[PDB]
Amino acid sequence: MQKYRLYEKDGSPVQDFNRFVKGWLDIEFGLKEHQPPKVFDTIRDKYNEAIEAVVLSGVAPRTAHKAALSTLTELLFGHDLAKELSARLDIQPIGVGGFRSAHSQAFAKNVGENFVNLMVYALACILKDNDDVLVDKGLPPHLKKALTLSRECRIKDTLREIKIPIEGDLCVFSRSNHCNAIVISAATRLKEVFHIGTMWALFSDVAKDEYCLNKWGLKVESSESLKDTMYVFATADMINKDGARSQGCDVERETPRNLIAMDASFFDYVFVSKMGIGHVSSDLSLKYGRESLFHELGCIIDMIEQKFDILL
């Protein structure tokens, strides 16, 4: 097999970038910055399978990809990850008095990783003939540093430099300026854990605010640079409706609840890989403002287009 790089020693992206990330998800070759995905092959193939048929039915790839992105939850629910993992990991509890198992650990991790893998793969495909607007899992080295706050912490005589790298699960960014970027935080479910996305959104704002940085003893490399860095959330909202005594989803309902709304309110945008929901917008316009606390995931192609001035 072969193994390549995505970035050089100065942090610059190599040429033909997107095809390298897509080839990595395809298990075509290795990469310095990413391990092969452990359990991505089945669900990736089904994504392709679903979208090779659609575009064969005449439909333009752009539309097929918008629709697919907005249906990733169906895709994830259709993949029996449990059965695939069972042949490898112990289904019995890690501890004598515990409830988690290696299998449930693997399941939890992999379904989360596959959610991100999926929309990294999708964006890679829709951008595979563009070398101006790149997409990668995690953050490109320049944006990671830029999005890293520093907090000097003195306790008595002890001094501790605390490093605070603001979270991004994946990123689409400008080659000529990696700060010109859409930073995406993803979670397969919201619940109160959505709150985690919210401190990062809070830190993202703070990195731009000189008063706030001074208040908390925070330092940034540059607040100006981050002006073009947008911070969004994407979710699959996967609560299986057919659960015994299921209490329902956090987005697929008539209107999102109060404390769900607030987490969404501190992000620039929030997406759900679902399509039939009333309060969820299917239309996105950066210029005339946020249409709704929630957008269909397919709308991310629209802000990619509107921000970086391209067509897909």
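Residue numbers here begin at 1 and follow the sequence given.
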{"query": "Of 53-61 and 280-288, the one with larger mean CA B-factor", "finding": "53-61"}
{"query": "Higher-scoring stretch by recorded Cα B factor average, 152-160 or 182-190", "finding": "152-160"}
{"query": "Residue, from 206, 108, 220, 89, that the PDB entry assigns the highest Cα B-factor", "finding": "89"}
{"query": "Largest Cα B-factor, entry values, listed residues 144, 241, 175, 103", "finding": "241"}
{"query": "Assigned third (lowest, middle, highest) for the C-alpha B factor of residue 36", "finding": "middle"}
{"query": "Third of the chain's Cα B-factor distribution that residue 252 belongs to, per the entry", "finding": "middle"}
{"query": "Within-chain third of residue 259 by Cα B-factor, per the entry", "finding": "lowest"}
{"query": "Residue 130 CA temperature factor, ranked by third within the chain", "finding": "highest"}
{"query": "Where the record places residue 269 (Cα B-factor, split into thirds across the chain)", "finding": "lowest"}
